[PDB]
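Asks: Provided herewith is a single structure, encoded as structure tokens, for subsequent inquiry.
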Amino acid sequence: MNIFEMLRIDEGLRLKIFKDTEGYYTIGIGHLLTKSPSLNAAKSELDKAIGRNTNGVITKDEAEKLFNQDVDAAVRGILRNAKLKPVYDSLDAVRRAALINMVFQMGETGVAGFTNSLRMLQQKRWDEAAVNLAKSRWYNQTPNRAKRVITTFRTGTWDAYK
């Protein structure tokens with residue numbers, strides 16, 4: 001198990017524009033296109049992202065390319081962020097993947113705002129962090145996925161993904 005396989009499990013793969021859990025146009029492996037209600041706007045984002053006039057449909061290779069970029073972007077976002085970087089640096093490899101997962105789903109700014117959870121993680125108070133993390137809109141709206149990510153933070157193992 002690794003961060004790519006983990007996120008593939010959590011996000012799935014769809015090759016045509018669809019709406020994510022929040023109702024936002026998305027494609028591939030959890031690649032957010034736009035928060036705009038306009039499908040035309042979403043298609044324009046897709047064409048710009050892929051570099052060609054798409055029919056709202058991409059190939060698996062193209063989906064995987066966006067995915068590589070998006071995982072890279074999540075790590076880059078963590079490392080450039082004054083709140084997230086020390087937490088990331090403090091973590092083991094498995095829990096680092098859990099933090100990347102959160103940033104992939106919610107963005108750098110969103111996760112950086114989990115101040116108390118981040119502190120408990122940095123303190124390595126794992127059960128307490130797990131309890132605190134679940135007190136969130138994140139957990140309530142996507143509880144099965146959040147449960148997996150939280151179990152990964154709690155245990156430092158891949159048990160929730162095996």
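For all residues, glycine too, the Cβ spot is worked out from N, Cα and C.
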Asks: Swiss-Prot records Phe104, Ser117, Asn132 as substrate-binding residues. Which of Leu13, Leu15, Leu32 is assigned to the same site?
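Replies: For the substrate site that includes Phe104, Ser117, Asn132, Swiss-Prot also lists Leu32.
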Asks: I need the CA-to-CA distance for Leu32 (substrate binding site) versus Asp20 (active site, proton donor/acceptor), whole Å please.
Replies: 8
Asks: What residues, ordered by sequence, lie under 8 A Cβ-to-Cβ from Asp20 (active site, proton donor/acceptor) and sit at least six positions away in the same chain?
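Replies: Correct list: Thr26, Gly30, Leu32.
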Asks: Which state, by DSSP, holds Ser117 (substrate binding site): helix, strand or coil?
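Replies: In the DSSP reduction, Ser117 (substrate binding site) maps to helix.
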Asks: Would you mind listing, in sequence order, the residues at least six apart from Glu11 (active site, proton donor/acceptor) in the same chain with a Cβ closer than 8 Å to its Cβ?
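Replies: Looking at Cβ-Cβ distances below 8 Å from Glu11 (active site, proton donor/acceptor), excluding near sequence neighbours, one finds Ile29, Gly30, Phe104.
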Asks: In sequence order, which residues at least six apart in the same chain have a CB under 8 Å from the CB of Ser117 (substrate binding site)?
Replies: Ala129, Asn132, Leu133, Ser136
